[PDB]
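Just the one chain here, laid out as structure tokens, in the form deposited in one PDB entry.
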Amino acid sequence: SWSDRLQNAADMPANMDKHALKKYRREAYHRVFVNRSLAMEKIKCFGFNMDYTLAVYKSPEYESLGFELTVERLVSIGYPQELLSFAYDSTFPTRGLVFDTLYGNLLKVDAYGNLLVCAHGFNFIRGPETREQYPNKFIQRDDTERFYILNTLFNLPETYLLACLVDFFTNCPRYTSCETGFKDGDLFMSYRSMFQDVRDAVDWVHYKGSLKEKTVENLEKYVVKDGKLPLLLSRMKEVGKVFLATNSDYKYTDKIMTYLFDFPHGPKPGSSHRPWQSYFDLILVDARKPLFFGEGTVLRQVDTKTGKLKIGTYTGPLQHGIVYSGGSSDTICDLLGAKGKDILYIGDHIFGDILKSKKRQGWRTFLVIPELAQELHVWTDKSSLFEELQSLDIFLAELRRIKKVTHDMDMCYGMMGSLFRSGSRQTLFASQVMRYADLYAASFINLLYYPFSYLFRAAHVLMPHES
């Protein structure tokens, strides 16, 4: 699993010999990848979310927990007991799939809404057979009333759960399968209605149920810990300012962060331990991203003793030891005296963290992609497979075996293929990473292996008529 890769790298001590780093940064696994050039010396503030960037949740343990609690919630509100026999399977869901609430399919699409993979339950629908429901092998992906795009890591159990349910109702004799849902005499459950229940249940688990409590009760089981995290953060604070802006509330943030910094030392072995808050020039919780990058909400102050909000809108200045709640990205800029391009924001939400901070504020962006830590291994190991496909393509271009090679390549990633492509065709997610993430990597810790004023470089882009 990708978190196993991350954990193994996490257990390593960080030898800060520059000659070691310069050659350690070269390994693809520890590389920072570059979509648009970025001069690190111009970055004056380093900003973070917490989800899967600071707090790396262990896979598949965390997904299974969320899956299990979501299933229990559905059963709790009246779904059949048989749901309880579901068990999370990490090999099925690929992140970034689109659930079609009309026909109950999971779709993998490219940036233009072309179908690359279609599955109904666990049945993979071949090209011709998809044309009945998708005449142009295409969806309008911004039709948000019909399509839901599962591009978060938290979406992974939900992704698998949707397929389990379609599979279950399809094969349960009590039900009759219809085009848009399931009939049970005088009851009709549409896929849309089903999807809404799943949505509700997942949200409930996350914010009202026992997920956070189960998580903090057993942090060693659910959360990766890395001694290098305080090291990197302390190095960032030497050359600029460091801030936290998370959607989580203070109570959860404090529990998780305390754990993440729980070593018998500070930044480096031998140094005194320091509380996690001391690593940040500004701490902001209840961020409500992506709204945060627009109007946001009123700026509040957290009573860190009680973990409740103080009464009133906070109107004061940045003060040492203060914790903020809500506000907006402008809050950060004002308090830290920064401009957007002075900021490198590090996050795991392609939409809510990266796309939005880039498009709305022109922040510089770093996207953490936890799966990359494994997708790389598969890509480098089965490289020959892709290289063959490329050869088969350019040969045919200058003129069905391609489909089999496509299939065999994709299956090494999972049943839903790579996060980034299906054979030679890039996914929507891949196109969004390239377009909005200035930098990306399996972990932001990979920044440790690059010098203070490194210039990350991407090739200039030319139009076809310019080439």
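Counting begins at 1, following the sequence as shown.
When the other PDB entries of this protein are compared, is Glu398 left blank in at least a third of them? In at least a third of the other entries, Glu398 has no coordinates.
Determine, among the other compared PDB entries that model residues flanking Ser357, whether at least a third leave it unmodelled. Affirmative; at least a third of those entries omit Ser357.
Using only the Cα atoms and their B-factors as the entry lists them, report which of 248-256 and 232-240 averages higher. Averaged over C-alpha atoms, the B-factors run higher in 232-240.
Identify the stretch, either 18-26 or 442-450, whose C-alpha atoms have the larger mean B-factor according to the entry. According to the PDB entry, the answer is 18-26.
From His120, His377, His349, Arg95, pick the one with the largest CA B-factor in the entry? Reading the PDB entry, the winner on C-alpha B-factor is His377.
Among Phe67, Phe48, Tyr413, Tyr57, where is the Cα B factor highest in this entry? Across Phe67, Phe48, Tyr413, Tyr57, the entry lists the biggest C-alpha B-factor for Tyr413.
Mind checking which third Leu211 falls in for C-alpha B-factor across the chain? Its C-alpha B-factor, which the entry lists for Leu211, ranks in the middle third among residues of this chain.
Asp200, C-alpha B-factor rank within chain (lowest, middle or highest third): CA B-factor rank for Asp200: middle third.
Would you check the entry's CA temperature factor for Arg300 and let me know if it's in the chain's lowest, middle or highest third? Its C-alpha B-factor, which the entry lists for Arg300, ranks in the lowest third among residues of this chain.
Name the third of the chain's ranked CA B-factors that contains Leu428, choosing lowest, middle or highest. Its C-alpha B-factor belongs to the lowest third of this chain's values.
Third of the chain's Cα B-factor distribution that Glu179 belongs to, per the entry: Middle third of the chain for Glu179's C-alpha B-factor.
Absent from the display: the form solved in complex with a small molecule. The rest refers to it.
Among 327-335, 165-173, 199-207, 71-79, which stretch sits within 4.5 Å of the small molecule in the deposited bound form, heavy atoms only? Only one stretch qualifies here: 199-207.
Within 4.5 Å of the small molecule in the deposited bound form, heavy atoms considered, which of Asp348, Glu375, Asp281, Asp254? None of the others qualify; the residue that does is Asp348.
Would you mind picking the one in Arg300, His120, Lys241, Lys289 that has a heavy atom within 4.5 Å of the small molecule in the deposited bound form? Comparing distances to the small molecule in the deposited bound form, the residue within 4.5 Å is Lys289.
Given that the partner is absent here, does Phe154 sit within 4.5 Å of the small molecule in the deposited bound form, heavy atoms only? Answer yes; at least one heavy atom of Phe154 falls within 4.5 Å of the small molecule in the deposited bound form.
Would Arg95 show up as a contact with the small molecule in the deposited bound form if we use heavy atoms at 4.5 Å? No, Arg95 sits far enough from the small molecule in the deposited bound form that none of its heavy atoms falls within 4.5 Å.
So, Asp51 and the small molecule: in the deposited bound form, are they within 4.5 Å at any heavy atom pair? Yes, contact at 4.5 Å.
4.5 Å heavy atom contact, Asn105 to the small molecule in the deposited bound form: Output for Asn105 is no: heavy atoms all beyond 4.5 Å of the small molecule.
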